[PDB]
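Inspection log for the structure reproduced underneath, given as structure tokens.
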Amino acid sequence: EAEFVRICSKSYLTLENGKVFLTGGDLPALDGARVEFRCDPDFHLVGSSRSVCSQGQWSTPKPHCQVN
């Protein structure tokens, strides 16, 4: 009838020791929104840097940034 859209986890939006970049997506919309991860100028991202919303779930979860 009008079930709420199963938008992907919003938690991913926020990231400690870094910043999350959103593009082509925003409730109540996303059309397979893509997001690029990148930590502060000191920690190098070595994991699920790239992630995209799909079927109410992101392809890759939260990665891990290591201090130089």
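Every chain in the structure tokens has a letter given in the order shown (A, B, ...), and although residue numbers restart at 1 in each chain, ligands are simply numbered from 1 in the order shown.
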*strand (DSSP E or B) call set, DSSP backbone run, chain A, as a list in words*: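 Strand (DSSP E or B) assignments inside chain A correspond to residues 18, 19, 20, 21, 22, 23, 34, 35, 36, 37, 38, 39, 43, 44, 45, 50, 51, 52, 53, 58, 65, 66 and 67 of chain A.
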Give me a file of those residues, with C-alpha atoms, as a compact mmCIF listing (two decimals), in the first residue's frame.
```txt
# COMPACT_ATOMS: atom_id res chain seq x y z
CA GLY A 18 37.51 10.59 7.64
CA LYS A 19 34.72 11.86 5.41
CA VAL A 20 32.07 10.21 3.22
CA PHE A 21 31.19 11.47 -0.26
CA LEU A 22 27.68 10.90 -1.63
CA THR A 23 26.66 11.25 -5.26
CA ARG A 34 27.53 5.62 -5.24
CA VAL A 35 29.86 6.71 -2.44
CA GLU A 36 33.61 7.31 -2.22
CA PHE A 37 35.46 6.90 1.08
CA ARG A 38 38.55 8.85 2.15
CA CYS A 39 40.09 9.48 5.58
CA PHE A 43 45.33 7.68 7.49
CA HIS A 44 45.41 5.66 4.27
CA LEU A 45 42.29 3.74 3.29
CA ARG A 50 34.24 1.98 -2.87
CA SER A 51 30.63 1.15 -1.96
CA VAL A 52 27.24 1.49 -3.66
CA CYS A 53 23.68 1.26 -2.34
CA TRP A 58 25.72 -1.44 0.46
CA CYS A 65 42.13 3.50 7.78
CA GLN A 66 45.67 3.06 9.10
CA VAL A 67 47.79 5.90 10.49
```
_Residue among A:1, A:68, A:10, A:57 lying closest to residue 27 (chain A), counting only C-alpha atoms_ =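 Checking each candidate against residue 27 (chain A), we get A:10 as the closest.
The nearest approach to residue 17 (chain A) among the residues A:56, A:47, A:41, A:61, with only C-alpha atoms taken into account, belongs to A:41.
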Excluding residue 24 (chain A) and any residue of its chain fewer than 3 positions from it, enumerate the residues within 9 Å of it, using only C-alpha atoms, and give them as a JSON list (two decimals) with C-alpha atoms, in the first residue's frame.
```
[["chain", "number", "residue", "atom", "x", "y", "z"],
["A", 29, "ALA", "CA", 15.85, 8.45, -3.82],
["A", 30, "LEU", "CA", 19.17, 6.78, -4.65],
["A", 31, "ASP", "CA", 18.93, 4.97, -8.00],
["A", 32, "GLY", "CA", 21.99, 2.96, -7.00],
["A", 33, "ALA", "CA", 23.74, 5.86, -5.29],
["A", 34, "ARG", "CA", 27.53, 5.62, -5.24],
["A", 35, "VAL", "CA", 29.86, 6.71, -2.44]]
```
_Two-atom distance - CA of residue 48 (chain A), CA of residue 64 (chain A) (Å)_ = 7.9 Å
*In Å to one decimal, how far is CA of residue 46 (chain A) from CA of residue 11 (chain A)?*
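It comes out at 19.5 Å.
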